[PDB]
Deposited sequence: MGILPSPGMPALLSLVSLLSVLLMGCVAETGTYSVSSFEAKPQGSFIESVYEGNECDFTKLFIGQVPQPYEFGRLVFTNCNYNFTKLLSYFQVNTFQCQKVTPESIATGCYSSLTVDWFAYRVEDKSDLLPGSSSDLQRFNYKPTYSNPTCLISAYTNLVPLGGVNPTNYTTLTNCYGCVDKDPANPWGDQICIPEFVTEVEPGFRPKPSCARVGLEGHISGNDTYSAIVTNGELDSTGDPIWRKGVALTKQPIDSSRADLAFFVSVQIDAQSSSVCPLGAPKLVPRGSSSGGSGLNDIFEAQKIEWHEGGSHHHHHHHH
C-alpha cells in the first residue's frame, strides 16, 4: 500500500520500489490491464509507477510513438511485464494537474571562455529517456519547474549536477506541458509491474 501513501510522482520522476493482486484491485478501479510476454493471471518483483491521465491512455501502450515514452519513461520490459491503468481516490493525496516533458535537447556555450554564461541550444541534439532509466537531471528539473510555474507549457535552460568530459556543466533546454484534469476528485495512475 506504500505506493498510495503521500503524493504521486510525475512521469519524468517515476517512482520505483522492489519487493496479492486481488487486494491491489480493491484499492483502485482498473480500466485497462494488458501484459507483454506474460499471462495476466500469473501477475522478486518491481513496480514503476506515476501519475497519468486515463483519456490519453494510448501513450502507455507498447510500440506507441509518444512523448511519454520518448522523454519521460520508456519500459524496456525485457522481464515479463504487465501494464495496469487505473483511477482511484488516494485520500495519500490526489494530483492537482499532470505534467509531461514534451521535449529536451542539448545546448553549447556561446562563449567558450565562460561555461556558465549564455547558451546556444540546438533542437537536433535530442536527449531521449533510456528504457528503465529516469530522464537526465537537466531534463527532469525542467519538468519539476513546469509543474509549479503556472505556465501551461513551460520552457527553460537548466543544468543540474551533471558534468561533461572536461568537468564543465551540461546544459539542456527542456519543454514541459501541464494538462488540467477533467475529474478533479480522483487520481489517474499508471503502474508497470515486472517480475
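Missing from the model relative to the deposited sequence are positions 1-58, 78-82, 107-112, 161-163, 268-320 (no C-alpha coordinates, numbering from 1).
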